[PDB]
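See below for the structure under consideration.
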Amino acid sequence: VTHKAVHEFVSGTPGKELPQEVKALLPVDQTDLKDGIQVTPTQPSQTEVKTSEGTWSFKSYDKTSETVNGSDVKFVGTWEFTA
């Protein structure tokens, strides 16, 4: 069975939604995986996004890796906002 790894971004700053400029940095899925394969999340191409109101900074993903075992993988990446 082939599997994939996908990415999701969240805001780490309560009350503040991610803007399109940050969402657009979401990496593409990693494809063609099989059970037994280790995966590492793709880095966002930029880790800092400046806005009129402040800065979004990429903190980290929730995991540094996952080894595929029967399911597709999701890595959740957190951005923090400072005004």
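Chain identifiers are assigned as A, B, and so on, following the order in which chains appear in the structure tokens; residues are numbered from 1 within each chain, and ligands are numbered from 1 in order of appearance.
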**Message:** Need to verify the contact set: residue 74 of chain A, 7 Å, only C-alpha atoms, exclusion of same-chain residues closer than 2 positions in sequence. Can you return it as a ChimeraX atom specification?
**Reply:** /A:5-7,72,76
Go ahead and save the residues from that selection, with N, CA and C atoms, as an mmCIF file, in the first residue's frame.
data_model
loop_
_atom_site.group_PDB
_atom_site.id
_atom_site.type_symbol
_atom_site.label_atom_id
_atom_site.label_comp_id
_atom_site.auth_asym_id
_atom_site.auth_seq_id
_atom_site.Cartn_x
_atom_site.Cartn_y
_atom_site.Cartn_z
ATOM 1 N N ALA A 5 2.655 11.784 2.863
ATOM 2 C CA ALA A 5 2.765 12.668 4.008
ATOM 3 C C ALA A 5 2.297 14.046 3.556
ATOM 4 N N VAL A 6 1.431 14.636 4.345
ATOM 5 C CA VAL A 6 0.884 15.949 4.094
ATOM 6 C C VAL A 6 1.293 16.898 5.210
ATOM 7 N N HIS A 7 1.165 18.199 4.918
ATOM 8 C CA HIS A 7 1.510 19.266 5.825
ATOM 9 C C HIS A 7 0.276 20.096 6.115
ATOM 10 N N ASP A 72 -1.335 7.222 6.195
ATOM 11 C CA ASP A 72 -0.724 8.452 5.721
ATOM 12 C C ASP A 72 -0.359 9.302 6.937
ATOM 13 N N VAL A 76 2.168 18.898 11.364
ATOM 14 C CA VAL A 76 1.504 20.167 11.706
ATOM 15 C C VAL A 76 2.588 21.163 12.084
#
Distance query residue 13 of chain A at most 12 Å, only C-alpha atoms, self and fewer than 6 positions along chain excluded, as an MDAnalysis selection string = chainID A and resid 55:59 78:83
- Task: Extract the full set of helix (DSSP H, G or I) residues from chain A according to DSSP on the backbone, and format it as a VMD selection string.
- Result: chain A and resid 20 to 23
How would the residues just chosen look if you wrote them out with N, CA and C atoms as a PDB file, in the first residue's frame?
ATOM      1  N   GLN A  20      -3.001  34.587   3.995  1.00  0.00           N
ATOM      2  CA  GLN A  20      -2.654  33.893   2.765  1.00  0.00           C
ATOM      3  C   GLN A  20      -1.152  33.850   2.528  1.00  0.00           C
ATOM      4  N   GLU A  21      -0.404  34.891   2.887  1.00  0.00           N
ATOM      5  CA  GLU A  21       1.021  34.879   2.590  1.00  0.00           C
ATOM      6  C   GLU A  21       1.740  33.750   3.321  1.00  0.00           C
ATOM      7  N   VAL A  22       1.251  33.392   4.513  1.00  0.00           N
ATOM      8  CA  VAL A  22       1.798  32.248   5.240  1.00  0.00           C
ATOM      9  C   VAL A  22       1.251  30.939   4.684  1.00  0.00           C
ATOM     10  N   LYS A  23      -0.066  30.882   4.445  1.00  0.00           N
ATOM     11  CA  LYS A  23      -0.659  29.664   3.905  1.00  0.00           C
ATOM     12  C   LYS A  23       0.028  29.233   2.607  1.00  0.00           C
TER      13      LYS A  23
END
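The neighbours of segment 42-45 of chain A here are the residues that come within 9 Å of it, using only C-alpha atoms and leaving out any residue fewer than 6 positions away in the same chain; they are residues 7, 25, 26, 27, 28, 29, 30, 58, 60 and 61 of chain A.
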File of the preceding selection, C-alpha atoms, as a compact mmCIF listing (two decimals), in the first residue's frame:
# COMPACT_ATOMS: atom_id res chain seq x y z
CA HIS A 7 1.51 19.27 5.83
CA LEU A 25 4.23 28.51 2.06
CA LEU A 26 2.54 25.16 2.80
CA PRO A 27 4.70 22.43 1.21
CA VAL A 28 3.37 19.92 -1.28
CA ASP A 29 2.59 16.37 -0.22
CA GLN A 30 5.38 13.81 -0.17
CA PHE A 58 7.79 29.52 11.77
CA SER A 60 8.54 23.96 14.17
CA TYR A 61 6.59 20.98 13.14
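Closest approach to residue 71 of chain A among A:40, A:19, A:32, A:3 is made by A:3 (distances from only C-alpha atoms).
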May I have all residues of segment 9-57 of chain A that DSSP, computed from the backbone, assigns to strand (DSSP E), given as number ranges by chain? A: 9-11, 30-33, 38-39, 48-50, 55-57
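Of note, atom CA of residue 15 of chain A and atom CA of residue 51 of chain A are spaced 16.6 Å apart.
When atom CA of residue 4 of chain A is paired with atom CA of residue 36 of chain A, their separation reads 12.6 Å.
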Contact residues around residue 39 of chain A with only C-alpha atoms at 8 Å, ignoring same-chain residues under 4 positions, as a PDB file with N, CA, C and O atoms, in the first residue's frame:
ATOM      1  N   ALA A   5       2.655  11.784   2.863  1.00  0.00           N
ATOM      2  CA  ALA A   5       2.765  12.668   4.008  1.00  0.00           C
ATOM      3  C   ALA A   5       2.297  14.046   3.556  1.00  0.00           C
ATOM      4  O   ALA A   5       2.707  14.557   2.496  1.00  0.00           O
ATOM      5  N   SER A  65      10.020  13.552  12.660  1.00  0.00           N
ATOM      6  CA  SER A  65       9.901  12.524  11.647  1.00  0.00           C
ATOM      7  C   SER A  65       8.727  11.640  11.982  1.00  0.00           C
ATOM      8  O   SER A  65       8.191  11.687  13.083  1.00  0.00           O
ATOM      9  N   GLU A  66       8.353  10.804  11.006  1.00  0.00           N
ATOM     10  CA  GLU A  66       7.472   9.676  11.278  1.00  0.00           C
ATOM     11  C   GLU A  66       7.886   8.530  10.372  1.00  0.00           C
ATOM     12  O   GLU A  66       8.232   8.749   9.212  1.00  0.00           O
ATOM     13  N   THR A  67       7.780   7.306  10.872  1.00  0.00           N
ATOM     14  CA  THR A  67       8.080   6.116  10.091  1.00  0.00           C
ATOM     15  C   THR A  67       6.746   5.484   9.719  1.00  0.00           C
ATOM     16  O   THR A  67       5.931   5.114  10.576  1.00  0.00           O
ATOM     17  N   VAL A  68       6.495   5.425   8.429  1.00  0.00           N
ATOM     18  CA  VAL A  68       5.194   5.009   7.908  1.00  0.00           C
ATOM     19  C   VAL A  68       4.869   3.600   8.379  1.00  0.00           C
ATOM     20  O   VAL A  68       5.702   2.682   8.295  1.00  0.00           O
TER      21      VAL A  68
END
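Across A:41, A:52, A:77, A:2, the tightest approach to residue 64 of chain A is made by A:41 when counting only C-alpha atoms.
The residue that comes closest to residue 70 of chain A, out of A:35, A:48, A:12, A:18 and on the basis of only C-alpha atoms, is A:35.
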